[PDB]
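Every chain is numbered from 1 and lettered A, B, ... according to where its sequence line falls, protein lines coming before strand lines. We use all heavy atoms of the structure for the numbers below, so side chains are in, but hydrogens, waters and symmetry mates are not.
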2 protein chains.
Amino acid sequence: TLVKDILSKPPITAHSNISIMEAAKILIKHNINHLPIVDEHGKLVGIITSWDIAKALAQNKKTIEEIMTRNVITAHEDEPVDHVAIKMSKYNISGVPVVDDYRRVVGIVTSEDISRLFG
Amino acid sequence: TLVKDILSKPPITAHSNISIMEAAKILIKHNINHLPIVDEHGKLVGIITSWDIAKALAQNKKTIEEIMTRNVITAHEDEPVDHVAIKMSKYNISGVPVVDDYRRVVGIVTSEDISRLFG
Ligand SMILES: C[S@@+](CC[C@H](N)C(=O)[O-])C[C@H]1O[C@@H](n2cnc3c(N)ncnc32)[C@H](O)[C@@H]1O
């Protein structure tokens with residue numbers, strides 16, 4: 001079971017220059033809790049969840065780039081699913097962006113996406 | 001093991017008239033993702049998570065009352081811990097406020113609390 005295999009839908013990403021409100025609107029619109037942030041060239045630079053929306057409000061930040069998590073735990077398109085599951089238990093995270101060798105975001109894998117593949 | 005036997009900290013609550021930003025500050029300060037909302041008597045009236053903070057910002061809500069979830073599953077201090085775990089699975093929830101005879105909040109049990117004891 002590789003990752004590039006189990007991807008079912010397009011990636012949803014955002015740029016870092018956007019407001020906290022715009023980011024929140026994106027989460028709600030797509031009903032997602034993980035939003036990979038890409039630069040103007042489509043390359044991964046960070047990640048946002050609803051926790052970071054709360055954190056931005058608490059720290060009085062205006063843009064996503066001031067609050068996004070910059071050390072992103074990722075999976076490779078050619079990576080095995082079990083390794084991703086272990087990554088997610090180890091770091092206690094529930095979503096990992098899937099990247100290629102050029103750092104483009106090809107999708108995202110969640111712990112619900114995985115929950116299916118084990119049960 | 002009753003609920004009262006596993007509570008390890010005081011309750012953390014907020015009033016319904018506080019701003020979205022002020023609620024967000026409470027979540028971040030205490031590193032919690034569930035915030036029971038109470039009235040002037042301390043009676044449970046709702047609950048918020050960081051997801052609700054995001055929802056509120058997206059919708060330009062001003063206070064917590066405008067976004068809080070009012071349909072809140074609870075536990076009593078004298079309820080078996082296992083019965084709380086059963087509720088979490090049954091209603092697909094991750095945080096259960098613990099209430100007393102006046103419906104005041106005396107603590108909260110989370111999914112992580114359960115996994116730490118019984119995972
Ligand atoms: C308190 S931790 C708990 C993790 C929880 N699953 C969440 O949604 O955030 C919250 C932080 O995890 C970070 N985070 C979530 N997924 C991540 C990932 N794949 N790589 C790096 N950081 C991540 C987010 O930036 C957020 O600020």
Participant: Consider only side-chain heavy atoms of I, L, V, M, F, W and Y, link residues closer than 4.5 Å, and tell whether B:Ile47 and B:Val106 are in one cluster.
Facilitator: no
Participant: In residues 69-103 of chain A, which residues are in contact with chain B at a heavy-atom separation under 4.5 Å?
Facilitator: none
Participant: For a side chain to side chain contact (heavy atoms under 4.5 Å, CB included) check, start with the C-alpha distance between A:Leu57 and B:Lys25, then their side-chain angles and the critical distance, and finish with the verdict.
Facilitator: CA-CA 7 Å; A:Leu57 288 185; B:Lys25 288 181 179 174; over 6 Å; no
Participant: Kindly work out whether a path of hydrophobic side-chain contacts (I/L/V/M/F/W/Y, heavy atoms less than 4.5 Å apart) joins B:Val38 to B:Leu35.
Facilitator: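 In one cluster with B:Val38: B:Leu35, no.
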Participant: Evaluate whether atom NZ of A:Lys62 has more than 12 neighbouring non-hydrogen atoms of other residues, nucleotides or ligands under 6.0 angstrom away.
Facilitator: no
Participant: So, using side chain to side chain contact (heavy atoms under 4.5 Å, CB included) as the criterion, who are the partners of A:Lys55 when residues are at least two apart?
Facilitator: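 For A:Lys55, the residues satisfying side chain to side chain contact (heavy atoms under 4.5 Å, CB included) (neighbours in sequence not counted) are A:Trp51, A:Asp52, A:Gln59, A:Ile67, B:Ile28.
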Participant: Under a single-linkage definition using a 4.5 Å side-chain heavy-atom cutoff for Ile, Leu, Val, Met, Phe, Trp and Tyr, are A:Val105 and A:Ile12 assigned to the same hydrophobic cluster?
Facilitator: no
Participant: Which region of A:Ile26, side chain (C-beta onward) or backbone (N, CA, C, O), has a non-hydrogen atom less than 4.5 Å from a non-hydrogen atom of chain B, or is it both or neither?
Facilitator: neither
Participant: Out of curiosity, does B:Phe118 fall in the hydrophobic cluster containing B:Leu2 (side-chain heavy atoms, cut-off under 4.5 Å, transitive links)?
Facilitator: no
Participant: Counting heavy-atom pairs under 4.5 Å with chain A, which one of B:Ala24, B:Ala54, B:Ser50, B:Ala23 comes out on top?
Facilitator: B:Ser50
Participant: Spell out, yes or no, whether B:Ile20 and A:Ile64 are grouped together once hydrophobic residues are joined by side-chain heavy atoms under 4.5 Å, including indirect joins.
Facilitator: yes
